[PDB]
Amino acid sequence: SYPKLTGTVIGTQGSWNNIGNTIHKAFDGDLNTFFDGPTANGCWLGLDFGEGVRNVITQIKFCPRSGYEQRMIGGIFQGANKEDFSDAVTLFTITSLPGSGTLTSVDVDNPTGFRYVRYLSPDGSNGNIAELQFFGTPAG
């Protein structure tokens, strides 16, 4: 069990109908609040750990938006060292319906240190996710 990682929130700007459910809702510790993106497709969110910081990721936890759990199926989590994710590797792919109102935990087995991590949502999802957490350790 490694510590929860912190960083600068990055990702799709804005929110559905300008209501205010931005990417920041996925990092607030409340499983009742969620990111609702401004478009059906293309939405993503994640962390920049900072210039010169690289973490090895050992675990990811996520909670779907209540009532919209199907919108996570096919979503993937990536690590990268470029902010445009052109060097990204997939750390986990969501293949079954995540349980409602809880954090699903998945192990990651990849020794690479990453400056950036993200959740990349599937078409038709508006990026819907309630909470997103990364765990791991500074790269040696």
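Counting begins at 1, following the sequence as shown.
According to the PDB record, 102-110 carries the higher mean C-alpha B-factor of the two stretches 39-47 and 102-110. On average the C-alpha atoms of 52-60 have higher B-factors than those of the other stretch, with 52-60 and 84-92 being the two compared. Remark: residue 66 belongs to the highest third of its chain, ranked by C-alpha B-factor as recorded. Residue 97 sits in the highest third of its chain by CA B factor, as recorded in the PDB entry.
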